[PDB]
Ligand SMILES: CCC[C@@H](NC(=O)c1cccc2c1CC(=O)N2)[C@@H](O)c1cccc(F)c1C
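Coming up is one lone chain in structure tokens, specifically the form solved without the ligand.
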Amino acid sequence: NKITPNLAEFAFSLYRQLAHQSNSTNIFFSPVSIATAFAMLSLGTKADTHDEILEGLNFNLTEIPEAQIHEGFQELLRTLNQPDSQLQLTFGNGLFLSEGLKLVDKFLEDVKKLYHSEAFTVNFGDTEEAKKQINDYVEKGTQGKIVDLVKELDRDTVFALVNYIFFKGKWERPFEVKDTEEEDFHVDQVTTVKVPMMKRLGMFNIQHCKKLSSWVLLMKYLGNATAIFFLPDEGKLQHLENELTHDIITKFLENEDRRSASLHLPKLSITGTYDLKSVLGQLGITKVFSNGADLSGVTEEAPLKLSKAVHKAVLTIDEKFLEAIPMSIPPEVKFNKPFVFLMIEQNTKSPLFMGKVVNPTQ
């Protein structure tokens, strides 16, 4: 609740960072999985090292008490890993520390207690074997969906962090597979490529927002989440990207109005892999990754730093009551060119995912 605004801001800061690099690859990550992981990590850091982290996650410490921060991440975690409820979400974070280091019990506690996360010890003396364990942890965690995540480890690595998330939720209102068919997806102003296109004619929470200069579609997932798709007008993609804000999103989530439209949405599966040291570094989080790292909350007498941090986010979208639709020409809304999207957990309103699809068949 209290940290939602901060998470929404971190999501935009990260997205805009990634968007500046490439403009051809499909951006896709979990602001929530990344933030939760480093907020947890900060519990083992002090002073500068500790503040760069929370500030890197868009938390102004001069205004928000640390207790409120961790408290927010904890209520959010309860929601995501609720036994009784749906969502069909698989995520996790793994901390791998060198054996031989004397860990501080308290840290290990809060990790497995407050953030209900996992901490492991490994022999980094054997680099190939260490990343095999790490990768097996991820693979096993994602039922084999995410394999060989970590490709390398420098030799002096004594602490590594892996954060993964896989989502394949079902729509509240399904698509007809028999209606799904190959269509052109415009990757350029004059170039096209074929992709499987799901389609449906019905009452949709959809509208053309003029401030974003793009179509905005909201669709509910089974459970407590909602997907938001933004289709920018010809040449308005980056205008869209710069205009996005938390309030604008909140507004869309408030609207309940539906209307008829023939929708064409691509059936796809996209992934996103990022080097957090490189990416979060550009966000000011560099201390915890340096030799000057103050991680006395993790190990007391020996020097320590986080030498490896990786994030992987995977999303699958497919076809997955009686409506009333008027017999008037409905708008045909085709997501057959680059678009942006957001996944919002309904309870906390936090941004579960965020990405851009420039090429579904990439």
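Quick note: we count residues from 1 along the sequence shown, nothing fancier.
Below: the form deposited with the ligand bound, not depicted.
Although the chain is displayed without it, the ligand can be placed by superposition from its pose in the deposited bound form; doing so yields three or more atoms within 2.4 Å of backbone or C-beta atoms, and the site is blocked.
Residue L265 is the only one of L265, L280, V288, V138 with a heavy atom lying within 4.5 Å of the ligand in the deposited bound form.
The partner is absent here, but in the deposited bound form a heavy atom of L315, alone among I53, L295, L315, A35, sits within 4.5 Å of the ligand. Site residues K170, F341 and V357 are all in contact with the ligand in the deposited bound form, judged by any heavy atom within 4.5 Å. With the partner left out here, the ligand still marks one of 265-273, 245-253, 152-160, 120-128 in the deposited bound form; by a 4.5 Å heavy atom cut-off that stretch is 265-273.
Not displayed here, the ligand is kept clear of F96 by more than 4.5 Å at the level of heavy atoms in the deposited bound form. Within 4.5 Å of any heavy atom of the ligand in the deposited bound form lies no heavy atom of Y164. In the deposited bound form, the ligand sits within 4.5 Å of a heavy atom belonging to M198. Interface membership of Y115, defined by any non-hydrogen atom within 4.5 Å of the ligand in the deposited bound form, is ruled out. Looking at 220-248, the residues that come within 4.5 Å of the ligand in the deposited bound form, counting any heavy atom, are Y221, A227, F229.
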